[PDB]
Amino acid sequence: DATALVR
Amino acid sequence: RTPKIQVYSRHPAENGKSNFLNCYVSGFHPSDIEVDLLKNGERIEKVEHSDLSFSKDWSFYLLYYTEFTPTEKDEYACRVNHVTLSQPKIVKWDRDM
Amino acid sequence: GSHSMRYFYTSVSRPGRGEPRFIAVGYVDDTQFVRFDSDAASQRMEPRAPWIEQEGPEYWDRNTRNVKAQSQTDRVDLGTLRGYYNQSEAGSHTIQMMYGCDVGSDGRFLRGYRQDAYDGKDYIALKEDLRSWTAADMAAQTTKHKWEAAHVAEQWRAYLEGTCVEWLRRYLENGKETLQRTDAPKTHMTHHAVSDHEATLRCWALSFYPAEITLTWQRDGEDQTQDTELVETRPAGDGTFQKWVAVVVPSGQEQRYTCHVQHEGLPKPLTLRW
Ligand SMILES: [Mg+2]
Ligand SMILES: [Mg+2]
Ligand SMILES: [Mg+2]
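Residues numbered from 1 in each chain as written, not as in the entry; some residues may be left out. Chains lettered and ligands numbered in written order. Heavy atoms only, no water.

The deposited coordinates, according to the entry record, derive from X-ray crystallography at 1.8900 Å resolution.

In structure tokens, the structure reads:
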């Protein structure tokens, strides 16, 4: 099951 | 970060028996790469490849493959071009490797 | 024994026209089980193993939304990182990220990881503690300062120790027929004369799973490293792997050389002689 903030 | 190349058959080769010709390209960066499988110096049309993935050091790898029948006379090879290569790299298929 | 689940994401900018190319692949050990490719027709996360095909429509919707969301985050990040590195808008650049977890024989959490790279070089990685970040350079340090303030590592820790291991346990159960089965290498030796007085002996290991294996030569019971060639483990294309190791020997002395094969699928290491 895959999963997130900007760099 | 030049591609490392292995050309080989899925199964031990027997002249006249259907098999799969593989060209495994690895250790390369960036991901853009040109890979052709050749029969007697000519590009084979029905070539598929694996979904792009990479190793711990971030270098990419792909498997290109097609069905083929090894014979006494036909010469098979893999032809690779990439930004790190000046000219295309041709690796001949040898059933012993 | 121990098992792992890993996702691999790659985004490649297309400065000539359009959005970046985004590819995602998921693995359980050495088995690919899902893929997403922004150039494919479905625009969905797709099954690549028979044991995942059983998952409900909600699983496929959630996984699709998640990778499409990351592909957009990567597109924004490619722009941000181009600025950090003072790069032109004309060249193609890459962001890669790998993340996953390992569980033991009993299904308990062992390790978690989440690391990323820009143009094939480490950028930012979650440390083994799953609490702090390793920034490889000053551009990654800018990201680390923003993420330290925004509970990013906490969210990754919750996923890697929870969701990640729970789903890995389910996959291992559902796909036990193949995922928990070892395929021992089918081994054989070939002989190739190099002259009338020397020959290469090549020890083959075929059709094995998982990919981890050790192939070594011994001469009179001691390790032989001279005149040997060991190829990188390679995929057969049917889910199994291949490897060979070769040594050049004087003709008539073949019996001194033994090839030793170590694999999870073999209770006792294998010994081959010509
Ligand atoms: Mg690796
Ligand atoms: Mg023939
Ligand atoms: Mg003999």
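(A) Spatial organisation of the UniProt feature "disulfide bond" in chain C. Residue and element names in this part refer to chain C. Regarding the annotated cystine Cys203-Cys259, the two sulfur atoms come within 2.4 Å of each other, below 2.5 Å, so the disulfide is formed in this entry. Residue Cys203 is found in strand β10 (residues 198–208), and its partner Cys259 is found in strand β16 (residues 257–262); the two are separated by 56 residues along the sequence. Each of the two residues, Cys203 as well as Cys259, counts as buried. (Disulfide = S-S within 2.5 Å. UniProt positions renumbered as here; feature names shortened; annotations may be inferred. Helix = DSSP H or I, 4+ residues; strand = E, 2+ residues; numbered from the N terminus. Buried < 20%, exposed > 50% of the residue type's maximum accessible area, 1.4 Å probe, protein only.)

(B) Quick peek at the packing of aromatic side chains. Residue and element names in this part refer to chain B. For the structure on display, the rule yields 26 aromatic pairs over all chains. A ring pair is formed by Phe68 and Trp93, whose centres lie 5.1 Å apart and whose planes are at 85°; its orientation type is edge-to-face. Remark: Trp93 occurs in the segment after β9 (89–92) and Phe68 occurs in strand β7 (residues 60–68); sequence separation between them is 25 residues. Looking at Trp93, the relative accessible area reads 11%, which means it is buried. (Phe/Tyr/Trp six-rings, centres within 6.5 Å; stacked < 30°, edge-to-face > 60°.)

(C) Region of interest: the UniProt feature "domain: Ig-like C1-type" in chain B. Cross-referencing UniProt, the feature "domain: Ig-like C1-type" maps to residues 3–91 of chain B in the present numbering. Along residues 3–91 of chain B, the helical share is 0% and the strand share 52%, with 12 Å between the first and last C-alpha atoms.

(D) Quick peek at the interface of chain C and chain A. Contacts between chain C and chain A engage 31 residues on the former and seven residues on the latter. When the two sides are added together, the surface that chain C and chain A hide from each other amounts to roughly 1,500 Å², 52% of it contributed by carbon and sulfur. The largest contributions to the chain C side of the interface with chain A come from C:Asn66, C:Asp77 and C:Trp147, which together make up 26% of the buried area. Joining chain C to chain A, the criterion identifies four salt bridges. A salt bridge links A:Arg7 to C:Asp116; the nearest nitrogen and oxygen atoms lie 2.8 Å apart. Between the two partners, chain C and chain A, sit 14 residue pairs in polar contact. Elements with a contribution of two residues or more to the side of chain C that touches chain A: β1 (3–12), α1 (57–84), β5 (94–103), β6 (109–118), α2 (138–149) and α3 (152–174) of chain C. Counting residues per element, the side of chain C that touches chain A draws most heavily on α1(C), which supplies 12 residues. Tallied by class, residues from the side of chain C that touches chain A come to 19 nonpolar, seven polar and five charged. (Contact = heavy atoms within 4.5 Å. Buried area = accessible area lost by both parts, 1.4 Å probe. Salt bridge = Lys/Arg side-chain N within 4 Å of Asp/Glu carboxyl O. Polar contact = N/O pair within 3.5 Å; in protein donor to acceptor, adjacent residues only side chain to side chain. Nonpolar A, V, L, I, M, F, W, Y, C, P; charged D, E, K, R; others polar.)

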